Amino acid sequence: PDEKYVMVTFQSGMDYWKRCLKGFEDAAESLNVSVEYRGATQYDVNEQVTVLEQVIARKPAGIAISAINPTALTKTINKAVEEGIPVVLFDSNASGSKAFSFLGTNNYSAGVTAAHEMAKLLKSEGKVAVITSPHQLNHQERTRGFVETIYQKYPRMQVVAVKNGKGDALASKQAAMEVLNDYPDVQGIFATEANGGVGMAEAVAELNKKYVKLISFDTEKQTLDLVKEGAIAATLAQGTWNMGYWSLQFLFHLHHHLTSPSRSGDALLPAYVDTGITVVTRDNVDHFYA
């Protein structure tokens, strides 16, 4: 009867997940419980449903999962809940599932923060653009938070383009080059996806458009290197330690039915925890390498 909590991911070796696992382990070391890290080694939906099945089979005390996409993991999550396994989602949600909580970025507010940061860098004036993936809801919320904040709070700034970077570094570089050639006086570009910041940094280096302020997303090594050398002014770090930490805190809590007595009015776990965003600049970039 060893109390073990499992974290399940996709593209499991990415550095992003390491601080999630770190916050999980930090919670476990304070709770004196075991944790284990598993996941699809690749962006393969089938692989993640198979890895998640094996985890449930091992009958863990609870699972914290980041779902590759909102739907294609849901039936397996419910499988775990119906077998009595506490389940919370972190990072990437599956809102249609029986998971008791989601702990992750408020993507709209993240976009708001990028606008506020972009305005800081531009003294609240100038043309700005966005490179995004219109594929997914979470990136559209980042885009919307940025654009709406420009519209409502910085009337001397203008959003001149929202480009489709296709979640790919090369398509993002090409989109950024189109932005810079179409609006040569653009002063800032925000990328809602990691491959976007590298792509537009590569565009800005190729065109020698050294006066453009770049804001990117996430803390991949190649992004942080660009922050370190001044090519990217800031990147937005998701609260991955908070995700792992409060995921375990919530899971540990359900496994001990401390939230299901007679005087609590059902309720159960909080439905959502905003794990926050950190603006990463040259001043704190060193804190974010893996």
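A residue's number is simply how far along the shown sequence it sits, counting from 1.
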Of 69-77 and 104-112, the stretch whose C-alpha atoms average the higher B-factor in the entry: 69-77
Residue stretch of maximal mean CA temperature factor, 122-130 vs 203-211: 203-211
Candidate residues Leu258, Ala64, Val33, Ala234, the one whose C-alpha B factor the record puts highest: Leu258
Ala28, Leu226, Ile56, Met243, ranked by C-alpha B-factor: the highest one: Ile56
Modelled-residue ranking by C-alpha temperature factor, third containing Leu269: middle
Chain-wide C-alpha B factor ranking for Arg156, given as lowest, middle or highest third: middle
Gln11, C-alpha B-factor rank within chain (lowest, middle or highest third): highest
CA B-factor placement of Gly188, once the chain's modelled residues are sorted into thirds: lowest
CA B-factor ranking of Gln136, expressed as a third of its chain: highest
